[PDB]
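Descriptive analysis of the structure
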Amino acid sequence: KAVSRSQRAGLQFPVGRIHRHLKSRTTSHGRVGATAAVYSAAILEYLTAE
DNA sequence: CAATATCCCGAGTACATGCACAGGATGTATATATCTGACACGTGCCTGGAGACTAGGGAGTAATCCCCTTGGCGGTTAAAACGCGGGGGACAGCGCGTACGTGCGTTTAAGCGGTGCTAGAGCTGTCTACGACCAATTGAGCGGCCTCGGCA
């Protein structure tokens, strides 16, 4: 049974659709997995203010 | 006080939305990977501190009238409201582009070795530009000479 990384952060937003998005805006180099979990929850958190 | 207007409440009104569904593409999951760069280690520099002194500036004041500020000004239209015109609004279809799929083959990235371009070197080695001073010019205001208009 697969989990989802959204549940391990505790977030409603898609932590793995981000990551794949960031990996397309990246010079020629990679992106840490712990970036998607404070990339998200600093896009959610504008929702629930907007 | 009268009148035009905004506010408010209930009937009646399409479809919008939230949902359930099939299913597909991608997020996950595991194993592997090197290498980014974390971390650790000194190197050596400037950021900072700390003093003595002049001279530039800053702060202060004084005098004052410029400029702002105000009132009162006189003059003409945006607004008000109406009449009044045409124009923005709601349906029928064509086919052309856009998309999308196919197979189109151009070029880049990579790893190769060779080598010359550039960017840190100098006291380079000066000498443009940087003060320093002099000289010219114009303009403005103040005396001074000289015709004429209003008054004895």
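Residues numbered from 1 in each chain as written, not as in the entry; some residues may be left out. Chains lettered and ligands numbered in written order. Part of a larger assembly, values for the part shown. Heavy atoms only, no water.

1. Notes on the overall build of chain A
Defined as follows: Counting from the N terminus, the helices are DSSP H or I runs at least four residues long and the strands are E runs at least two residues long. We call a residue buried when its accessible area falls under 20% of the maximum for its residue type, exposed when it is over 50%, and partly exposed in between, using a 1.4 Å probe and counting protein chains only. Under the convention used here, a 1.4 Å probe and the Shrake-Rupley method define accessible areas, while residue burial counts only the protein chains that appear.
Helices and strands together make up the secondary structure of chain A, namely three helices and one strand. Its helices and strands taken in sequence order, chain A reads α-α-α-β from the N to the C terminus. Dimensions of chain A, computed from C-alpha atoms along their principal axes, come out at roughly 35 × 35 × 15 Å. Counting across all 50 residues of chain A, residues that qualify as buried make up 18%. Split by element, the accessible area of chain A, about 4200 Å² in all, is 53% carbon and sulfur.

2. Some words on the side chain of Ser6
Threshold: Within 3.5 Å is the distance limit for a polar contact, defined as a pair of N or O atoms, with the added protein rule that one can donate a hydrogen and the other accept it, and that residues adjacent in sequence qualify only through two side-chain atoms. Only heavy atoms matter for contacts: two residues are in contact if any of them lie within 4.5 Å across the pair.
Inspection of the secondary structure assignment puts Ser6 in helix α1 (residues 5–9). Among the polar contacts listed, one links the side chain of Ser6 to the backbone oxygen of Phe13, at a separation of 2.8 Å. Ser6 has contacts with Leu11, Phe13, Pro14 and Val15, leaving out every residue within four places of it along the chain.

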